[PDB]
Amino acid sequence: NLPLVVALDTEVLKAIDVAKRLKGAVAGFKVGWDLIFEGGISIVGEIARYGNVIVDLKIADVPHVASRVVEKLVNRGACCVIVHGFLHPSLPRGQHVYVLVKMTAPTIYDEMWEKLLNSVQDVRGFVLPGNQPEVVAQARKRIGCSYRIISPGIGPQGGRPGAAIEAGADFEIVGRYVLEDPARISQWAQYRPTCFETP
(Lines of atoms letter the chains of each structure in order from A and count residues from 1; the text may use other names and numbers.)
(Lines give C-alpha, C1' and ligand atoms only; values in the text may rest on other atoms or scores of the structure.)
Protein backbone atom coordinates (compact mmCIF):
# COMPACT_ATOMS: atom_id res chain seq x y z
CA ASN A 1 0.00 0.00 0.00
CA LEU A 2 0.94 3.64 -0.42
CA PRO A 3 2.58 5.48 2.54
CA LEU A 4 -0.40 7.80 2.84
CA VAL A 5 -2.93 8.39 5.60
CA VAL A 6 -6.05 9.98 4.14
CA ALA A 7 -7.73 12.64 6.26
CA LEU A 8 -11.50 12.17 6.07
CA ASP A 9 -12.56 15.73 6.72
CA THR A 10 -15.96 15.42 5.15
CA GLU A 11 -19.47 14.09 5.82
CA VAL A 12 -20.07 10.65 7.34
CA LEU A 13 -21.42 8.85 4.29
CA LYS A 14 -18.83 10.40 1.97
CA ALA A 15 -16.07 9.44 4.38
CA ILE A 16 -17.28 5.83 4.42
CA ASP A 17 -17.40 5.90 0.62
CA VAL A 18 -13.77 7.05 0.43
CA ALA A 19 -12.63 4.46 2.97
CA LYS A 20 -14.42 1.70 1.06
CA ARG A 21 -12.88 2.90 -2.18
CA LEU A 22 -9.35 3.18 -0.79
CA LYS A 23 -9.30 0.15 1.52
CA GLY A 24 -6.00 -1.65 0.99
CA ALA A 25 -4.65 1.11 -1.25
CA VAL A 26 -3.53 3.49 1.50
CA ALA A 27 -1.94 3.07 4.92
CA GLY A 28 -4.84 4.43 6.93
CA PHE A 29 -7.42 7.14 7.57
CA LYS A 30 -7.50 10.16 9.87
CA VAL A 31 -10.81 10.91 11.61
CA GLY A 32 -11.39 14.30 13.25
CA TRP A 33 -14.08 16.58 14.66
CA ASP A 34 -15.82 17.01 11.29
CA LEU A 35 -16.86 13.36 11.41
CA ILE A 36 -17.34 13.03 15.16
CA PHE A 37 -19.60 16.12 15.30
CA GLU A 38 -22.01 14.59 12.78
CA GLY A 39 -23.15 11.51 14.72
CA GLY A 40 -20.67 10.95 17.52
CA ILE A 41 -17.84 8.52 18.20
CA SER A 42 -19.51 5.62 16.37
CA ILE A 43 -17.99 6.85 13.11
CA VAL A 44 -14.58 5.71 14.35
CA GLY A 45 -15.76 2.11 14.32
CA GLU A 46 -17.26 2.38 10.84
CA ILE A 47 -14.06 3.72 9.29
CA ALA A 48 -11.98 1.21 11.24
CA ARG A 49 -13.67 -1.57 9.26
CA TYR A 50 -11.71 -0.47 6.20
CA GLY A 51 -8.28 0.34 7.56
CA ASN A 52 -6.13 1.73 10.36
CA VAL A 53 -7.77 4.75 11.94
CA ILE A 54 -5.81 7.58 13.50
CA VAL A 55 -8.17 9.78 15.51
CA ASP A 56 -6.97 13.37 15.45
CA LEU A 57 -8.75 15.60 17.96
CA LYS A 58 -5.41 17.18 18.93
CA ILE A 59 -5.95 15.79 22.40
CA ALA A 60 -4.87 18.22 25.09
CA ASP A 61 -6.53 17.60 28.42
CA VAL A 62 -5.46 16.65 31.94
CA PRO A 63 -4.46 13.03 32.53
CA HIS A 64 -7.63 11.54 34.01
CA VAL A 65 -9.68 13.11 31.21
CA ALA A 66 -7.22 12.36 28.42
CA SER A 67 -7.06 8.76 29.68
CA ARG A 68 -10.82 8.33 29.41
CA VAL A 69 -10.92 10.00 25.99
CA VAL A 70 -8.14 7.87 24.50
CA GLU A 71 -9.72 4.73 25.96
CA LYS A 72 -13.12 5.49 24.42
CA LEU A 73 -11.48 6.09 21.04
CA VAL A 74 -9.31 2.97 21.01
CA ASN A 75 -12.32 0.94 22.23
CA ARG A 76 -14.30 2.13 19.23
CA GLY A 77 -11.56 0.82 16.93
CA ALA A 78 -8.93 3.52 16.65
CA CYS A 79 -5.39 2.22 16.11
CA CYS A 80 -3.95 5.36 17.62
CA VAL A 81 -4.58 8.95 18.58
CA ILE A 82 -2.79 12.23 18.17
CA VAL A 83 -2.05 14.17 21.37
CA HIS A 84 -0.26 17.46 22.07
CA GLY A 85 3.30 17.30 23.32
CA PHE A 86 2.88 20.61 25.14
CA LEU A 87 1.11 18.68 27.90
CA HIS A 88 4.53 17.34 29.02
CA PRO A 89 5.15 16.07 31.65
CA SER A 90 1.41 15.27 31.84
CA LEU A 91 1.60 13.43 28.53
CA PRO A 92 -0.52 10.42 27.52
CA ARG A 93 1.81 7.59 26.57
CA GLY A 94 1.77 4.07 25.18
CA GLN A 95 1.80 2.40 21.78
CA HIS A 96 -1.54 3.98 20.81
CA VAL A 97 -0.17 7.54 21.15
CA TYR A 98 1.31 9.87 18.54
CA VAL A 99 2.81 13.02 20.06
CA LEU A 100 2.62 16.29 18.15
CA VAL A 101 5.79 18.35 18.78
CA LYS A 102 5.63 21.04 16.08
CA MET A 103 2.64 22.24 14.04
CA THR A 104 2.24 23.25 10.41
CA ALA A 105 1.60 26.85 11.60
CA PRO A 106 3.64 29.03 13.98
CA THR A 107 3.13 28.12 17.65
CA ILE A 108 5.03 27.97 20.93
CA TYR A 109 6.40 24.61 19.79
CA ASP A 110 8.73 26.43 17.42
CA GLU A 111 11.21 27.48 20.09
CA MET A 112 11.43 24.05 21.74
CA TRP A 113 10.37 21.23 19.44
CA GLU A 114 13.67 19.37 19.33
CA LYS A 115 14.18 19.46 23.10
CA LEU A 116 10.61 18.25 23.54
CA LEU A 117 11.10 15.49 20.97
CA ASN A 118 14.25 14.31 22.71
CA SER A 119 12.52 14.19 26.09
CA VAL A 120 9.57 12.02 25.09
CA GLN A 121 9.68 8.23 25.08
CA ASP A 122 7.29 5.28 25.40
CA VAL A 123 4.98 6.49 22.63
CA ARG A 124 4.11 5.17 19.18
CA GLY A 125 5.70 8.10 17.40
CA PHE A 126 5.65 11.79 16.63
CA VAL A 127 3.81 14.20 14.39
CA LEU A 128 6.14 16.58 12.52
CA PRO A 129 5.08 19.16 9.92
CA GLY A 130 5.68 17.88 6.39
CA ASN A 131 5.69 21.44 5.06
CA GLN A 132 9.10 21.69 6.73
CA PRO A 133 11.09 18.73 5.44
CA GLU A 134 14.20 20.06 7.20
CA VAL A 135 12.40 19.58 10.52
CA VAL A 136 11.36 16.06 9.57
CA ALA A 137 14.96 15.21 8.65
CA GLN A 138 16.42 16.61 11.87
CA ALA A 139 13.81 14.72 13.87
CA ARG A 140 14.64 11.42 12.15
CA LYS A 141 18.32 12.07 12.77
CA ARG A 142 17.64 12.51 16.49
CA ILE A 143 15.46 9.45 16.93
CA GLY A 144 16.43 7.05 14.13
CA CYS A 145 13.91 4.26 13.52
CA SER A 146 13.01 4.04 17.21
CA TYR A 147 9.60 5.66 16.63
CA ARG A 148 7.21 6.45 13.78
CA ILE A 149 7.05 9.89 12.25
CA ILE A 150 3.87 10.96 10.48
CA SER A 151 3.54 14.30 8.73
CA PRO A 152 0.68 16.49 7.59
CA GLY A 153 1.37 19.66 5.67
CA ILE A 154 1.61 17.67 2.43
CA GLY A 155 -0.19 18.88 -0.71
CA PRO A 156 -0.81 22.25 -2.40
CA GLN A 157 1.17 25.03 -0.72
CA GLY A 158 3.08 22.61 1.51
CA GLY A 159 5.51 19.79 0.88
CA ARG A 160 4.95 18.12 -2.50
CA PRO A 161 3.94 14.45 -2.40
CA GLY A 162 6.73 12.39 -0.88
CA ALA A 163 8.72 15.36 0.43
CA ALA A 164 8.22 14.41 4.05
CA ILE A 165 8.81 10.70 3.38
CA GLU A 166 12.05 11.48 1.55
CA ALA A 167 13.08 13.64 4.50
CA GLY A 168 12.54 10.70 6.86
CA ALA A 169 8.82 10.37 7.58
CA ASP A 170 6.95 7.08 7.64
CA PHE A 171 3.59 8.41 6.40
CA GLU A 172 2.18 11.58 4.97
CA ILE A 173 -1.28 12.76 6.06
CA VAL A 174 -3.27 14.27 3.18
CA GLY A 175 -6.81 15.60 3.07
CA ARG A 176 -8.66 17.60 0.42
CA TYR A 177 -6.09 17.10 -2.33
CA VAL A 178 -6.89 13.40 -2.20
CA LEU A 179 -10.61 13.68 -1.34
CA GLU A 180 -11.34 15.93 -4.33
CA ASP A 181 -9.89 13.21 -6.59
CA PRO A 182 -8.73 9.93 -4.97
CA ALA A 183 -7.09 8.91 -8.25
CA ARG A 184 -4.32 11.32 -7.17
CA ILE A 185 -3.03 8.74 -4.71
CA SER A 186 -0.91 7.44 -7.59
CA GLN A 187 1.52 10.31 -6.93
CA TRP A 188 2.73 8.40 -3.87
CA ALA A 189 3.33 5.15 -5.77
CA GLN A 190 7.13 5.40 -5.79
CA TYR A 191 7.47 6.04 -2.06
CA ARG A 192 7.83 3.68 0.90
CA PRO A 193 7.90 4.49 4.63
CA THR A 194 11.35 5.33 5.96
CA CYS A 195 11.22 3.10 9.08
CA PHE A 196 7.86 1.40 9.70
CA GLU A 197 5.52 -0.59 7.41
CA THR A 198 2.34 0.56 9.17
CA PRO A 199 1.31 3.76 10.98
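Note that residue numbering begins at 1 and tracks the sequence as displayed.
S.K.: Decide which of the stretches 118-126 and 79-87 has the higher mean C-alpha B-factor, going by the entry.
M.R.: Stretch with the greater average CA B-factor: 118-126.
S.K.: Averaged over C-alpha atoms, is the B-factor higher for 151-159 or for 49-57 in this PDB entry?
M.R.: Between 151-159 and 49-57, it is 151-159.
S.K.: Maximum C-alpha temperature factor per the entry, among 27, 143, 36, 174, belongs to which one?
M.R.: Highest C-alpha B-factor among the listed residues goes to 143.
S.K.: Can you tell me whether residue 99 has a C-alpha B-factor in the lowest, middle or highest third compared with the other modelled residues of the same chain?
M.R.: Bottom third by C-alpha B-factor.
S.K.: Comparing residue 74 with the other modelled residues of its chain, is its CA B-factor in the lowest, middle or highest third?
M.R.: It falls in the top third of the chain.
S.K.: In terms of the chain's CA B-factor thirds, is residue 189 lowest, middle or highest?
M.R.: Ranked within chain, residue 189 CA B lands in the highest tercile.
S.K.: Based on the entry's values, in what third of the chain does the Cα temperature factor of residue 132 lie: lowest, middle or highest?
M.R.: Middle third, going by the recorded CA B-factors of the chain.
S.K.: By the recorded C-alpha temperature factor, relative to the other modelled residues in its chain, which third is residue 112 in?
M.R.: For residue 112, the deposited C-alpha B-factor lands in the highest third.
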